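Below sits a lone chain in structure tokens, taken as the form deposited in one PDB entry.
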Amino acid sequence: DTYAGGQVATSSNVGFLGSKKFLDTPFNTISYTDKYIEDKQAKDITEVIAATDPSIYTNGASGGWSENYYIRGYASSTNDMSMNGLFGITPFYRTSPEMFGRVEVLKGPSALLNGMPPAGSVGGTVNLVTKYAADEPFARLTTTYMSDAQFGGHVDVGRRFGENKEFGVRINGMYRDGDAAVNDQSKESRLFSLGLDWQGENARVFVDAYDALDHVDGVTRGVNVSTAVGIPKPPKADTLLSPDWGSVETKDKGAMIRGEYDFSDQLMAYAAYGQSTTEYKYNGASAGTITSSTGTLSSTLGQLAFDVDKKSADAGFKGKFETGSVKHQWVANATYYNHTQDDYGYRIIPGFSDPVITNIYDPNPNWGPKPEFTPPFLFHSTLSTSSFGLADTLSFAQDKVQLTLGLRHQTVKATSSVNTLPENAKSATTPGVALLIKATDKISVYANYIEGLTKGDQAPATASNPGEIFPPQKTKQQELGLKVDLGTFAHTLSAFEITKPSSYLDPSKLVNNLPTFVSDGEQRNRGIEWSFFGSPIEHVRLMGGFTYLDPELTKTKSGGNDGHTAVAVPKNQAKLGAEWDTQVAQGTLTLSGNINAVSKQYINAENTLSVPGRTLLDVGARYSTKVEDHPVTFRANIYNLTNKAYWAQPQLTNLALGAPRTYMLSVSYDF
């Protein structure tokens, strides 16, 4: 399954179409292996998928309250990841990757394939494939360090049972804790995970469960700027611009089961059910605001807790048939998601309502006392979605021309206990079509049209159309692409256009002498991507590429920002990761380097504030050997080697500092 280099896989899950090979997939897809994950010493999903992929962008801050990445220049919510194809299971805001055998990315929207994930983001789909027991018994201990003083370990054990090894058990345990690379920031993570499987003759069952904790002391929340004051030069990269006593914690627990049954080699049924819980707590700043070019910062304090219970299901049939010399491979499915949620919080903390005044350049800021965590209950809320989908792939001319057609019907309903406005389900129907031509056994050309869905907004009580709930809103993609597998090295070249609508109150459209709430907003992302992976010569691995992105606000409230560039995302990215192997005594030495170059990003939609591009370097070394015939691997990594200080745009606030120089060490031992 793994490609030359061991770092990328040759197939991925293309939503409900299932497992498809690189050259057979009319979408831009990549799948990273657990080997790559361990080689990066990746602590979250971002560190896996953003490192070498020029169609993915992160603001790159350390110890935020969530991960933050864009795919094809649109937000891709952490809420919207799948586990073994199923949504609503993964951790809410940050996921440590120890329990996954693959991390797969499908770029662009995919409503036909996947339906509408819970946060309705459209950038792309990240699918996390869990670990199951290999045939050979297995036990690996890894110890980890990260600067300044974060220590941890990870145990991974697998064994199969029964006379034909038809049962599997795979267990992962991980703990790490201590000060991180940012001043007064510490990071705690815990994971316990279970992967069980039964391989029957005509039937298969897979069970996965996990218990996870993510905790940051000195969480980074970021800061707001104005045009009046402007953006001052970034403090040094290890500065924390949020309260030192501020903290965030997320506890995530999840479990799922998949069953498959082969009726024949022309018909299979499958079902997947799962559930998860999230507990989020945050005590710290809601925002810092830079109020002077001398670096004065005004911070308001807030608290939030929320608890969410999630359930989800996906069941269907796959089959094959032939019509003359045309082979048909079809799938039909139904999906369900439900959550209930309680939110507690303060916008204004009693006794702590005055803003805390500091300066961004002060080495010893006074953040004041830490308020007790007592957020009062705010509201109960729910979300339900369901979908029914159908697709067929027609293969002509000895499978050299493959046409996929499908449609999905999607329903969604949200409720809130402080909403007096009407609450009603709404529905939309989303098609997709993809065409793939194998010009040779090494070269595929492909095109697709496909959509993404986002829950419709509700017009406020101040509108001509008060309380109107829009149907799910259609993001629309067209894509043309070329894929080349040279044998050990592979190239993708793809161009895309994706339009995403938005909704707003429009004063220019008067109905009963009132402003009308409309879905007339639009952002249009046009992009070219060239990317590559594998081994272009022996003992060398190379992964990366180049993208040009034009993210344009084509239609905005009152036309003010028509033709402007979208905030946050760069127009140009270039990324290269390279590894070089050489034999040294009784082992392999690998040297690694990464470069990550991006252009400037706008901070507001008026395009009157921006931050420059930056180029970041990383280096690593890896030594793999044996001690008394036990495999041993040593790994050292430095990220942001030049300790470049830069602003970039996080969620909810305008700016945050990128992560500083960070050292990571790990040693692993196979029992």
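Residue numbers here begin at 1 and follow the sequence given. We call the rigid core whatever largest set of C-alpha positions still superposes within 1.5 Å between the two forms.
For the pair 407-415 and 508-516, the mean Cα B-factor is higher in 508-516.
Taking the mean C-alpha B-factor of each stretch as recorded, 523-531 and 199-207 are not equal, and the higher mean is that of 199-207. Ranking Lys455, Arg221, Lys500, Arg159 by Cα temperature factor from the entry places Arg159 first. As recorded in the entry, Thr374 carries the highest CA temperature factor of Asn572, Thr429, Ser247, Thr374. The deposited CA B-factor of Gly577 belongs to the lowest third of values across its chain.
Remark: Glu104 belongs to the lowest third of its chain, ranked by C-alpha B-factor as recorded.
Looking at the C-alpha B-factors along this chain, the one for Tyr623 belongs to the highest third.
Sort the chain's modelled residues by C-alpha temperature factor and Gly563 lands in the lowest third, per the entry. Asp362: CA B factor lies in the middle third for its chain, per the PDB record.
What comes next is about the form deposited in another entry, which is not displayed.
Core-based superposition between the shown form and the other one shows that, of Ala139, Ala203, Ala461, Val326, only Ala461 has its Cα displaced by 2 Å or more. After superposing the rigid core, the C-alpha of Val511 moves by 2 Å or more between the shown form and the other one.
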